[PDB]
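S.K.:
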Amino acid sequence: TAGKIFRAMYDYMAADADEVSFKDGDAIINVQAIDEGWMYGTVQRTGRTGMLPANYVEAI
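This is the structure:
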């Protein structure tokens, strides 16, 4: 029942207040998903919500 969840694999560095800073090993959820472009979830490491590069995080 809605248990896809995701996971990051790199230490992305937010460029502004629109992205997030998740590191490899941290987990995240999925409030949105533009696909073929960027993503959106709440950093479980702190709770900030922003965009994420699909070329960094992946599913598990």
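Going left to right, the sequence shown walks through residues 1 to 60 as the authors' numbering numbers them.
Don't be surprised by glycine CBs; every beta carbon is placed ideally from N, CA and C.
#1: Got a sec? Which residues, its chain only, sit under 6 Å from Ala54 by beta carbon, not counting five neighbours each side?
#2: So, helix, strand or coil for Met13, using DSSP?
#3: Exposed or buried, what is residue 70 when buried is set at 16 or more other beta-carbons lying within 10 Å of its beta-carbon?
#4: Going by beta carbon distance, what residues of the same chain come within less than 8 Å of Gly37, once the five residues before and after it are set aside?
#5: Give the single residue among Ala33, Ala8, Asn30 and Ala17 whose Cα lies nearest to the Cα of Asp24.
M.R.: The relevant details are as follows:
#1: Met39
#2: coil
#3: The chain is shown from 1 up to 60; residue 70 falls before or after that span and cannot be answered.
#4: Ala54
#5: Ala8
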